[PDB]
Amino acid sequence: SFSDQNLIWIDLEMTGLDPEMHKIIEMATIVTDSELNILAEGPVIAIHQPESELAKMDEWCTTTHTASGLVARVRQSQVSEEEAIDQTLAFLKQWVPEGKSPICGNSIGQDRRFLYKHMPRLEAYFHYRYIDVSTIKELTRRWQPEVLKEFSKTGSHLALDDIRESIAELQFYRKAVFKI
């Protein structure tokens, strides 16, 4: 089912909002076809970081990532950023050719910033364009906001679950605000 029309969905969790200061602590990927059918889920990787990097986390980050179990998984992880890139590339090469899929997700520009800084070999696998589901969310909020009361998110900040929610959100928009 390898195809240059398939879409690569990705979500990261980080120790904060600033790529120059903060680090990636979780990554997950999903491949859909162009019709958003989920074809395969990629590696779900808690990336090891030392305490000094975890100690940069603000209260939101600390409470969120501790309560989810991610911090414990990060502390126990034996997978570095480079190994996480290798695993993720080995998965993606089976489903989508290099340079063809936009990066897909919610406010995915932020994730791409962290990929540019910390995982440029993975960033380079994506086409330069972005499929940002939150673009459609924002346009819907302004053009017909009552549509948004028909869809809800759990928002657990477990990377695979959140990217599954991104795909479900776009699936909802296709029926609710698109006519194609």
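Residue indices: 1-based, along the sequence shown.
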Quiz item: Mean C-alpha B-factor higher for 143-151, or for 121-129?
Solution: 143-151
Quiz item: If you average the Cα B factors in the entry, which is higher, 164-172 or 9-17?
Solution: 164-172
Quiz item: Which is it among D111, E41, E35, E26: the one with the largest CA B-factor in the entry?
Solution: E35
Quiz item: Based on the entry's values, in what third of the chain does the Cα temperature factor of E51 lie: lowest, middle or highest?
Solution: highest
Quiz item: Where does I103 sit by CA temperature factor within its chain: lowest, middle or highest third?
Solution: lowest
